[PDB]
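Neighbour counts are summed over all protein chains in view; Cβ atoms, including those assigned to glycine, are modelled from backbone coordinates with ideal geometry. Bear in mind that the values in this text are calculations on the coordinates, not laboratory data.
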Amino acid sequence: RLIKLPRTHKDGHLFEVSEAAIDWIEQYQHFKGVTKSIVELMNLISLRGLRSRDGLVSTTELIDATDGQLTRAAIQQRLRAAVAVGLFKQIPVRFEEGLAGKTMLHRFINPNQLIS
């Protein structure tokens, strides 16, 4: 998938905005491994996603929305735990400005797909 400007890989990992994810985040909390810090991250993605202009939210956007209280290393840690649980599908990415690197796009997974 192609990311368009003004986004670059400097902004960090990407999350695809999902209106259905609002109700999924409450369903995720029934599953083993879904901690409150993971729920905090996904709730921030949901709130910041309301003002998204391109259907995406980046890690840097999440950091700036907390005035730096939520650091990049803290986001990457909770993200690894969330991918370990299976809440996110990792999607390979390519930017029109700069290299992709280790940056990936993350899509919320339907909870009825998790129980299987």
Condition check for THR60: buried (at least 16 other Cβ atoms within 10 Å of the Cβ), touching a helix residue (DSSP H, G or I) at 6+ places or on another chain (Cβ under 8 Å), touching a residue at least 60 places away in the same chain (Cβ under 8 Å) and not small (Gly, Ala, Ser): no
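Just the residues that are acidic (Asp, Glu), in a loop (DSSP other than H, G, I, E, B) and either within 20 Å of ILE22 (Cα to Cα) or in contact with a strand residue (DSSP E or B) (Cβ under 7 Å, 6 or more places away or on another chain) (or both), please, taken from the range 45-70. Explain how you work it out, then say what you get.
Step one: of the range 45-70, the residues acidic (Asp, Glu) are 54, 61, 64, 67.
Next cut, in a loop (DSSP other than H, G, I, E, B) only: 54, 67.
Of everything in the range 45-70, just one residue is acidic (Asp, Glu), in a loop (DSSP other than H, G, I, E, B) and either within 20 Å of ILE22 (Cα to Cα) or in contact with a strand residue (DSSP E or B) (Cβ under 7 Å, 6 or more places away or on another chain) (or both), namely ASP54.
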Among (1) part of a helix (DSSP H, G or I); (2) under 11 Å from the mean Cα position of the chain (by Cα), the one test that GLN113 misses: (2)
Qualifying position, being surrounded by 13 or more Cβ atoms within 10 Å (Cβ to Cβ) and more than 16 Å from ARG107 (Cβ to Cβ), among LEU87, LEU44: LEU44
Single condition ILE3 does not satisfy, out of (1) more than 23 Å from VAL85 (Cβ to Cβ); (2) in contact with a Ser or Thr (Cβ under 7 Å, 6 or more places away or on another chain): (2)
Test: residue in the range 86-95 that is touching a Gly at 6+ places or on another chain (Cβ under 7 Å), closer than 19 Å to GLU40 by Cβ and touching a residue at least 24 places away in the same chain (Cβ under 8 Å): no
Residue among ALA73, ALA82 that alone is assigned to a helix (DSSP H, G or I), exposed (fewer than 15 other Cβ atoms within 10 Å of the Cβ) and without any contact (Cβ under 8 Å) to a residue 60 or more places away in the chain: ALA73
